[PDB]
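Peer 1: Show me how the following folds:
(12 chains, ligands or ions: 2)
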Amino acid sequence: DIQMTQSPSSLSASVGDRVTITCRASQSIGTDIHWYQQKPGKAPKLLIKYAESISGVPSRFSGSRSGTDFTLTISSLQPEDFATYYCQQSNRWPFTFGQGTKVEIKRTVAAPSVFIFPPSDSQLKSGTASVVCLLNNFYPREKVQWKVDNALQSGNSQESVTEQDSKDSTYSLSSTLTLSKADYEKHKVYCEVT
Amino acid sequence: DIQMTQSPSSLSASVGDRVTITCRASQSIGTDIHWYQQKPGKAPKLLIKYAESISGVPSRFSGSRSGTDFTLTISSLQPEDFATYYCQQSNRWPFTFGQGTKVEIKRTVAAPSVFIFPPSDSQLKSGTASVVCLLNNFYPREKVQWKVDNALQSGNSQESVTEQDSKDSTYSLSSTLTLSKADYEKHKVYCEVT
Amino acid sequence: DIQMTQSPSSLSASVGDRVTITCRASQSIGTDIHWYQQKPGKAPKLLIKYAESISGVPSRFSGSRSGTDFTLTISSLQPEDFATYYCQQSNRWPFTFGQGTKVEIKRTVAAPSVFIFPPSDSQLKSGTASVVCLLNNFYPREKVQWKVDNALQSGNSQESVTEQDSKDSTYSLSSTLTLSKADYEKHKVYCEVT
Amino acid sequence: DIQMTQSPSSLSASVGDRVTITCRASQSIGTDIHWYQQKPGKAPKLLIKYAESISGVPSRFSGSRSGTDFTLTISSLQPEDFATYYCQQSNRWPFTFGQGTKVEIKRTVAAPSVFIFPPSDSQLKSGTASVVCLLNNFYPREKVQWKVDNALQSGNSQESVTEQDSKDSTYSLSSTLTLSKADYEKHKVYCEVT
Amino acid sequence: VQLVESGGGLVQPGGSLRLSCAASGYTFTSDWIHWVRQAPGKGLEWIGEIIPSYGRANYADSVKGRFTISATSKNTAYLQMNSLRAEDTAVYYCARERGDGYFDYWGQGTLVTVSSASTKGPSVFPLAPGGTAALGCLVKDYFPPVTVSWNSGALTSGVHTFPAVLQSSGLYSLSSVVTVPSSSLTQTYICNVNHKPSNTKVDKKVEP
Amino acid sequence: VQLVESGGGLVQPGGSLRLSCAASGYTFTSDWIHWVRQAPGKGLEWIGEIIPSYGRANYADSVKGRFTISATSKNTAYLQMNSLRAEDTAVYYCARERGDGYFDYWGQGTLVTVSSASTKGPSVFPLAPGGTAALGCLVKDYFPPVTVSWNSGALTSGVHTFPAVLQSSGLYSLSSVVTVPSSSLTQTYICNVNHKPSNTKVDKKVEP
Amino acid sequence: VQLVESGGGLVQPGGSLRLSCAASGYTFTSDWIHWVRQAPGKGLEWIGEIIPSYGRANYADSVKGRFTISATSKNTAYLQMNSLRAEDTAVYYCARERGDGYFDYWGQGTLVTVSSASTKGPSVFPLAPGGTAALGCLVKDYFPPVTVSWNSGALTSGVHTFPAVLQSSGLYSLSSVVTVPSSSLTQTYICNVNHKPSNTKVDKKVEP
Amino acid sequence: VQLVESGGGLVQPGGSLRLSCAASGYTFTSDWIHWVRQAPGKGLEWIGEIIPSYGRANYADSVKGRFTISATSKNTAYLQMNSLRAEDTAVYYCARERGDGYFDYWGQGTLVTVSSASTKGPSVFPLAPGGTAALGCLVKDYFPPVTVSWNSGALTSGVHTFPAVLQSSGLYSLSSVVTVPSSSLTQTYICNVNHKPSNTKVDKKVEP
Amino acid sequence: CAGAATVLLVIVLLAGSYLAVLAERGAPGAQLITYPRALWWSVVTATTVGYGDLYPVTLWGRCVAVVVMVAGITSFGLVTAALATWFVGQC
Amino acid sequence: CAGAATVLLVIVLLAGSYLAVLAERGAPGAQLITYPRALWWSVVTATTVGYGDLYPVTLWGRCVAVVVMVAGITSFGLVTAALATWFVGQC
Amino acid sequence: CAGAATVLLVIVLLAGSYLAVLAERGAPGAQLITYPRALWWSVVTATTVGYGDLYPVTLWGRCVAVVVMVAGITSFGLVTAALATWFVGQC
Amino acid sequence: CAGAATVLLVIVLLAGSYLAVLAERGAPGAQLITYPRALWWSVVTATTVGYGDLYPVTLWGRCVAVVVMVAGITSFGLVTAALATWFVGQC
Ligand SMILES: [K+]
Ligand SMILES: [K+]
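Peer 2: Numbering: from 1, shown residues only, chains lettered A, B, ... in the order given. Ligands and ions are numbered 1, 2, ... in the order given. Here you go, the structure:
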């Protein structure tokens, strides 16, 4: 079947820079490829048809070249452009999509606002002791350990990370530490980040 | 000429599982490939035309995909489906077949019913002494040796194996041991299987 | 341009055997390839058109297959068939030939009739002393040395070999030994073949 | 897009010799390739259309072959033919050029006329001391060092070389040596070429 | 002209489910609705199309004759979902395509999850707390697609409702968060946790 | 509508043989009969087609102008077989194809064997014998395609008529088998060994 | 029938410039003018075409919608040059093409240079000097495309006006040269250094 | 219907030569004559075609506009041969082709040799001699394509007229041979050595 | 009369184009699966041009085709006489 | 009269289709070797469409073709006038 | 009358050829982008031959095409009757 | 009259076929360089079929072509009416 091969999977391009996204069709498909932005959690949104711009799509957005090489190009990468970008054949039945290309926005090294949270009394009664530790609006992605009474905690550490802000292009994290209430009752002095 | 390349030659897929059989045409042939089941000893039987089902062919049986990749698929492999499966071009003169794909059915480890047979008096007069040793309705395929008076017989051992049952998917074997009657007269005490 | 690639350059196939000669066109050329026998020294002679036989061409001679693989085939190689065999496109301008395939005939190991010849008095006056040494109707191709008064002659040894007979498929040779008459006058006792 | 691949980038072919210049189109382009001479500093000039000669273009100039291999050929390379030679598709939109092939003319080993030049008083007042050293009408391309009071000068040596003469096919050079006037005032005795 | 997609949550392997795409817009005679899927952390996958007009419905090999696409009265098309495998765990966007061969509009899309494991209800446990201060809530031991708004949707700023982490136990424990200037504790802060698949409405208060 | 195939057994290298495919069914004007081959433990190989109507017969390079295919009175097509090589050792199915390009029906197919070695006749030696008991018969030193039924075809169950083994001597020694409950020895057990190529009918009895 | 090309010299990154190709010859209704570029030591690059007739102008991906090509009154076409990168540093030939697909005639071509660095004016310093004797002039610390003739263009023989070397300082210092028989010093020798981009005319005399 | 080919022997590098193909047979309006070449120990090479009718002559890149092919009165076509390289050393067969695209008939073909070296004449020296006895003749120091028959063509049997060996000196020394029963010496044995390129007729006698 | 011919034709073109994309989607590798391109198809048939860039691979597709030829040829044969007369009657 | 035209044509189509597959099998790489596909061929000729997906490579094949054109064009030219009149005489 | 037909046609051919190369340049991989080759295109259409070596990929291109067919067919249908009569009236 | 049409046509076919192979040899990669294949070409044009297997790449070639269309269409348009009448006048 028709095999759209996008390039590259990931981009870490600094804002206002020239971003470009390639999509090789397995055979000549005409001009019958259409581009699509899909923001984290949201629906695909169509940026280009017949690599022809859509009403409301910004001017940064253009898509050209032929043979088998289609090229969506961001004239000046923007904070609102952290998304995954998709590629769609029309030429042969059926329709196929490209793998997809994630763009990540590069910015000035920040630091985290940090906010350690002891477990809900209501939850402590439950029998388990869930300690949270917030890390706010940082760049880059990357180290938060735990120590109760200053011995090193590898148990029930559960980091989650967020979808980069669509203005800041910043990163928040929530490391959880889950405990037996009766192991949390044995010692309580508390997430030294790095 | 047009070169249908089936994949894989052999399958050992457990019953009720998803079995699939690939056939790459050397060039685009349209939809002009037809599938064929051929049971051991019997004639090819046509399963699919234009990868379109035939009257009486079961529903497990379907055949799709294009470009050069045709794919006959067994939704739930059945005991009656131990066969070899063939692939047939029509698009260009002349007609060509694919290599062919044997399916074997996987089942629960059995054991053999064993039935050692001394040589026919009528055959002993003949001058040779043909000792048979039956092994019944086993799984898997794979060790039967001989020892007359407990010294190890590598002479005139002739194993045959059967076509897997079209219900049991089981295996029977007949190891023969051929002897000079006058070497069979020297000692007669007798096939310890493994 | 269109590149006919014959296979193999040389054949040493025994008489009455199945000889076959392949010619891969660089692109599909239709059936627009024509075969040609060309005997040593003589003109190409046309064996096949549109791989369709010519009037007078023997029945051993047939030429089939398509795609890009054309195959001239000798049903029972004959002694009169030691030749070089050519391949000719028509499909695209201009016409091209294949490399060419020499056939040599294999037969029973013979020996040479040998006939050493002293130099023409008329030629001895000339100042040089040309000693010839004939080797007749041998098989295979392959060692004739010289020694005057039994010391080994590497000087002015000039072997020629003939075109295999069109009935015997045999080989004759003429080793020449050229000498200064005054070096030929110093010693004359004389080609011990191997 | 359509990718004209000329061959070779550089030629050092002796005058009156057979020069040839290859240009492989990525796909069949018809006969829709056009050749172009472009002399150093000057505009492309069209030599061949549809590899069909242009009025005024010399007879040395011819361009043939098809498939994907176009071949501009200089029957007898001339001194006036030191240029770069370009290749141009027409078949598909848009038009593309080949990489380009520089021809250099080979001739009999010459030597340089050499003409060392002390710095303009007007320039000496300026504060810097620019010593030039001319090398005239030499062949080949290739060593001019400097020594003030016979110690070896690696400082502010700036060689330039010219475009080969369109009659001599000869090479002139200008090595500059730039100096602080006050380092040029410290010692003045002076470019021993090799 | 937007697309409204009902149905779909959790099913047993081999079980069934029917998804829904209601028109709600100037909708031509001769439009195909399509069905595209996205696995977790995976691409788009075209699965099926249908012209409601002649009601002819084309399907992927992937989906073969496992699924059916149904068509005009309610201006809706439907995704009948038989013989479900673990793989079909994914979000399912419908989309209009006007015969031109690209997807102009796109349903919000739902989550179909496929596991032999049973539904659960979330614990929901407050995280309460200078400058800007942070307050949150755990939303613990769920299964399967959890909602969280603050003050019935009113507050939305500095708000970091995280992704669903798969609890070592086998249960979607989340952690919602909010940043606020310290002056506000004075202000109502109540994190509203919704579920289709366990009929929940939990709203938890955050004093320090 | 089935296909009935006569002729074919053993021939000398370079010798001849003619195979036969009689119609026996609602058979259209404009059908090609085809000839497909299967070597021992080998694929299918298309060899030839013919329209009995205009009687035009097309052949494989493999088979070139070695073989002829003949056509309407007896509604039969034939496979004239000159210049036979060891390779042509194989089974030969005819098959109908209605111009559509696939084989709807298929003759039972025969075995053509090609060797300079001579025919033989089988020895046939009983194997007689709790629970279920096993009884069989050797069918020894044959050449070339041997039949074996029990009680003129009546008994068919638990019955393991093995493949033909090539005897070290150069002769198809087989071994037929049968499983039966012990209570039966009382019951007739007689293994009927047929040959076209040696005009045999041997039937052997099995007391213990 | 020749092509006359005005405009173009130095611009700031992101700045503008407009190039000019005046007809001056029997010029048909239905001719495309084209724009080809040559970087320093680099190939030709097709960039744009236009039919002045219907005034429709096609452009390279390279140049995308950065540049505009304008068309008949003055029988001229133009190369509007927005959003300039360092890369566009190059010579820019126009060329006629009669719809046949090759470039029959070619404008002289100009140099567009693209740097944040500022213009300069050349120093120009005489090199004065048997047989044939050599005399020259330095043309020092320029920026950006410098002219040099001897005796207002009259003398042209044995004359080696070198390439522009990039001064370590960042400035096009050249060196013009001339070979002459010694008998001439008697003869006027004055090296005329022109610049569009710094409005220069310097003419320097060469006594020994 | 056979083809008769005149001209061609030895030429100087860069020199000329004209080859000749006279019809001699039922020859249609609309036949192309072609020119094929064979280097020493090398393939065939198509070079040129012509329809004598409209007299239009097509040529190989190999041969480009070095050669001309000329056409009806004498029913002949010709191969004008300018600008000759060492490579063009070869035999040159004409051939009819009826527009069908293969060569039905073929001229005997000539040898064109291309060297700056000069012609020579052969020495010719008898080799005279039980059973069958052998007698021969050297045909020494020639240049360039030598003929040898025995008894003005009458005797042809057991006769081994060898290939031309390139003498270390630079000269085609051959050796003709003949086998004869001993009884014959009684019989005339005279080896007739012909040359176009040195106007020779040498005939040498063979007593022992 | 002639506006009838034009229209009928335009109907035939839009009819075929609709039916062909309908008739052709589902088939792997079908080219003729967007009305826009199904339209260029539908013209190039009725005119009996037959460039070949596009065509149906499916049966139902070619059945559509046949109709498109059969009604589209005739109905184009109408507008082709129509403008043949309007050049004739005038000059 | 018109049913005569249609029929004759339908005969010509079925005639050619039969003969072409007959005429074309045997030739390596022949495309035009199944009546079903020989039929689409046979239409697309008579209409003088000429898509090119299919055609004969053999001589005898193209001889068939010629007939198919020669009788198929005329006989299709009949049904094309036929429905040209039935639109004319009415409106 | 007939010189009118010829001319009109020759206009249509030169019109299309002009417009098509105009209509087609700009599109990557367009084949139909030189009047010379746009002319062979423009003939092969009006005749309803449809070889397929050339054709438009762009919309505006095919719009040109349609006109070229629509005016070029009719206007070629004129010169085709014209020389059909001149053979008839004579013999 | 009709034998005139047939003949003229057969002349046109043999004329073109001759001229095209003449017009086309010399050009690397020319397909249309044997009368036999130049004949199938020459038919498939006059009928306005346009399969596309064959065609001229050279100018002079397409000039031949044009004539072949222009005289071959008309002259085939004669034999196409001819057998259209012989079906009409009878039934
Ligand atoms: K076509
Ligand atoms: K047509």
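Peer 1: Run through the residues of chain I sitting next to chain B.
Peer 2: Proximity of chain I to chain B (C-beta under 8 Å from any C-beta of the partner chain) is limited to residues I:27-29, I:57. Any C-beta I mention is one placed from the backbone N, CA and C, and that applies to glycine too.
Peer 1: Can you report phi and psi for the residue positioned nearest the centre of chain I?
Peer 2: For chain I, residue I:42 is the residue whose C-alpha lies nearest the centre (C-alpha atoms, centre = their mean; 3.2 Å). Per-residue torsions, residue I:42: phi -60, psi -40 (degrees, to the nearest 10).
Peer 1: For it, which residues are in contact?
Peer 2: I:12-14, I:16-17, I:20, I:68, I:72 (C-beta atoms under 8 Å, 6 or more residues apart in numbering or on different chains).
Peer 1: Can you tell me, leaving aside adjacent residues, what's nearest to residue 66?
Peer 2: Going with chain A. residue K:28 (3.0 Å; C-beta to C-beta, 6 or more residues apart in numbering or on different chains).
Peer 1: Oops, wrong one, chain I.
Peer 2: residue J:43 (6.0 Å).
Peer 1: Confirm that neighbour sits in a helix?
Peer 2: Yes. Assessed by DSSP: H, G, I helix; E, B strand; the rest coil, residue J:43 belongs to a helix.
Peer 1: tell me the contacts of it?
Peer 2: I:62, I:65-66, I:69, J:13, J:49.
Peer 1: Quick check on these: which are buried?
Peer 2: I:62, I:65-66, I:69, J:13, J:49 (16 or more other C-beta atoms under 10 Å in any protein chain shown).
Peer 1: Show me the residues you listed that map onto strands.
Peer 2: Among the buried ones among the contacts of residue J:43, no residue falls in strands (DSSP state E).
Peer 1: quick one: which of the residues you listed sit in helices?
Peer 2: I:62, I:65-66, I:69, J:13 (DSSP state H).
Peer 1: is the helix ranked longest in chain A anywhere near chain E?
Peer 2: Ranked by residue count, the top helix of chain A under DSSP H comes out as helix A:121-126. Yes. With C-beta under 8 Å from any C-beta as the measure, helix A:121-126 is seen reaching chain E through A:122-123, A:126.
Peer 1: closest to ligand 1 among those residues?
Peer 2: Of all these, ligand 1 sits closest to residue A:123, with 75.2 Å by C-beta to the ion.
Peer 1: how near is the closest residue to that closest one other than its chain neighbours to residue L:87?
Peer 2: Spatially, and ignoring its direct neighbours in sequence, residue A:123 is nearest to residue E:125 (4.0 Å; C-beta to C-beta, 6+ apart). From residue E:125 over to residue L:87 the distance is 92 Å, taken as C-beta to C-beta, to the nearest Å.
Peer 1: repeat for residue A:76
Peer 2: Where residue L:87 is concerned, residue A:76 sits at a distance of 72 Å (C-beta to C-beta).
Peer 1: okay, those two: which has more neighbours?
Peer 2: Higher neighbour count among residue A:76 and residue L:87: residue L:87, with 16 against 13, using other C-beta atoms under 10 Å in any protein chain shown.
Peer 1: looking at this, that one is in a helix?
Peer 2: Yes. Assessed with three-state DSSP, residue L:87 lies in a helix.
Peer 1: and it, what is it in contact with?
Peer 2: Counted by C-beta under 8 Å, 6+ apart, residue L:87 has contacts J:4-5, J:8, J:74-75, J:78.
Peer 1: Check those residues and tell me the two furthest apart.
Peer 2: Within those, two members stand farthest from each other by C-beta to C-beta: J:4 and J:74, at 12.4 Å.
Peer 1: between the two, which one's more packed in?
Peer 2: Per other C-beta under 10 Å, whichever of residue J:4 and residue J:74 has more neighbours is residue J:74, with 23 against 16.
Peer 1: before we move on, which element is that one in?
Peer 2: helix J:59-88 (DSSP states H and E).
Peer 1: quick one: that helix near ligand 2?
Peer 2: No. Applying C-beta under 5 Å from the ion, one finds helix J:59-88 separated from ligand 2 by no less than 10.6 Å.
Peer 1: and that helix, which residues are buried?
Peer 2: J:61-62, J:64-66, J:68-84, J:87.
Peer 1: what does stretch E:32-45 give?
Peer 2: E:32-38, E:43-45.
Peer 1: ok, so of those residues, who is nearest residue D:60?
Peer 2: residue E:43 (58.6 Å).
Peer 1: how about the nearest residue to that closest one, chain neighbours excluded?
Peer 2: In space, residue E:43 is closest to residue A:100, 4.9 Å off (C-beta to C-beta, 6+ apart).
Peer 1: Which of the three states applies to residue I:3?
Peer 2: Applying three-state DSSP: residue I:3 is helix.
Peer 1: For chain A, which residue gets nearest to chain H?
Peer 2: residue A:67 (29.6 Å; C-beta to the nearest C-beta).
Peer 1: Quickly list the domain ranges of chain A.
Peer 2: Using curated CATH domains, the domain parsing of chain A gives A:10-106, A:113-186.
Peer 1: so of these, which one's packed in deepest?
Peer 2: Most buried of the domains of chain A by mean neighbour count (mean count of other C-beta atoms under 10 Å in any protein chain shown) is domain A:10-106; its value is a mean of 19.
Peer 1: from the chain's centre, how far out does that domain sit?
Peer 2: 17 Å (C-alpha atoms, centre = their mean, to the nearest Å).
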